[PDB]
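The form deposited in one PDB entry is given below as one chain in structure tokens.
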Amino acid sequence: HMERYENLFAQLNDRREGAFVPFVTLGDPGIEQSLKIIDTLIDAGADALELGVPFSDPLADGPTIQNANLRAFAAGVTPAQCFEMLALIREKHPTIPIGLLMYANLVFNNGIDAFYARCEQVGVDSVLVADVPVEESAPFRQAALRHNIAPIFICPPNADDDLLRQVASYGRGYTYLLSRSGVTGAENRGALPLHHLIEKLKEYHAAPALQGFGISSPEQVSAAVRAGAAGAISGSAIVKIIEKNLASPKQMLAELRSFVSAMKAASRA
């Protein structure tokens, strides 16, 4: 059991820093271009990664990520190829925490327990299953704990107390704090004084809280840390830069670098 999340947060704490975590779809817009997009993200200052595996029916994603899956699907990407990518990424960056954004069927397809064994074999640190709520999570988190994978659980803005004590006790690595309602998109931002949620998450000894959904400006990364969160996740913002610069591979990485440099800078003491 590596402790890549536990350590990153300890280090960031001693530097009174916040975490910035970009999301991308694996193989968007192609395996090789995706591999060097992730390399540009880590180099530009990303503290951790959340990576999506293309799925045919992403019922939790808005249009931006929906396009990313189809771009990836037009390239021949498979769950098998994605695991070869995850292995290469770990071989290049030993310390960065890598989390998977998964849809349930890809995990359940040929055995929940075999999917989490593969993640451990390739160096994946955490797995969030978008369509498995806490009430249905038992076989997933049990399989994840048996393979030293942290199960990530979404804490929505409408959460009551029983949920928060469940999320605090079942989850490891980090807690996904939803900014708003609905699905994925940089379009809709709009936090809901998460302050109190973050306090009882801390009161219930939950894993550090990362806020996600709608985070597209460095002022949001700053505000989130000040609210009590340990950092921010931003997905569609990254994916939109890729989508905009498809015919310009060298300028795509250039703006990708300048965006991560901005959000990461918004996170430090």
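The first residue of the sequence shown is number 1, and the count goes up from there. Under this definition, the rigid core comprises the largest set of C-alpha atoms superposing within 1.5 Å between the forms.
- Item | Other entries lacking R180, at least a third | Yes; at least one third of the other entries leave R180 out.
- Query: Within the set of other compared PDB entries, does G190 lack a model in a third or more?
  - Reply: That residue is missing from at least a third of the other compared entries.
- Item | 178-186 or 140-148, whichever carries the higher mean Cα B-factor | Looking at the record's C-alpha B-factors, the answer is 178-186.
- Message: Quick check: 162-170 versus 195-203, which has the larger average CA B-factor in the record?
- Response: The stretch with the larger average C-alpha B-factor is 195-203.
- Message: Highest recorded C-alpha temperature factor, please, choosing from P218, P58, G231, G52.
- Response: Out of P218, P58, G231, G52, the record gives the largest C-alpha B-factor to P218.
- So among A227, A68, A48, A209, who wins on Cα B-factor in the entry? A227 has the highest C-alpha B-factor of those listed.
- Which third of the chain does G99 land in by C-alpha B-factor: lowest, middle or highest? It falls in the bottom third of the chain.
- Would you mind checking where the Cα B-factor of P157 ranks among the modelled residues of its chain, as the lowest, middle or highest third? It belongs to the highest third of the chain when residues are ordered by C-alpha B-factor.
The protein also exists as the form deposited in another entry; that form is not presented, and the subsequent description refers to it.
- If you fit the two forms on their rigid core, which residue out of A72, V107, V124, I152 shows a CA shift of at least 2 Å between this form and the one not shown? With the rigid core superposed, the residue that stands out is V107.
- Is it true that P58 shifts between this form and the one not shown by 2 Å or more at the Cα, once the core is aligned? It does shift by 2 Å or more.
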